[PDB]
């Protein structure tokens, strides 16, 4: 699918993703903190439709992501990200998507998630995160 790279910012304020309960994660778009002021990133859309959107508004300064978990698996010959979940210091934004395949989890003990990059076609093919202090 089409690769994307948001880059590095000051923090995260809101995450907006999409999913399908029988396939995988679809759309992905995050609004970052750029030195105090929000900065909305490019909307990375899927090649198709029929996804259920999710808007994750964090209490910016005080609430930040502590762990990112999910599942990768093959759906129709394409190994993609099927589920994604964000746990913060205040709440857990429950498993979105199908919780099947092989697991992964990135807990941060000291550091902050500061940016996103990855790829999206019909579903989210892959993704990586930028970390900082």
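Numbering follows the first chain given and starts at 1.
Asks: Taking only the CA atoms, which stretch has the higher mean B-factor in the record, 97-105 or 80-88?
Replies: If you average the C-alpha B-factors of 97-105 and of 80-88, the larger mean comes out for 97-105.
Asks: Looking only at CA atoms, which has the higher mean B factor in the entry: 6-14 or 110-118?
Replies: That would be 6-14.
Asks: Report the option among 46, 35, 72, 69 whose CA atom has the maximum B-factor in the deposited record.
Replies: Comparing C-alpha B-factors across 46, 35, 72, 69, the maximum falls on 46.
Asks: Taking the C-alpha B-factors as the PDB entry records them, is residue 54 in the lowest, middle or highest third of its chain?
Replies: Answer is highest: the recorded C-alpha B-factor places it there.
Asks: Within this chain, which third does the Cα B-factor at residue 40 fall in: lowest, middle or highest?
Replies: CA B-factor rank for residue 40: highest third.
Asks: Tell me, lowest, middle or highest third: where does the Cα B factor of residue 28 rank within its chain?
Replies: For residue 28, the deposited C-alpha B-factor lands in the middle third.
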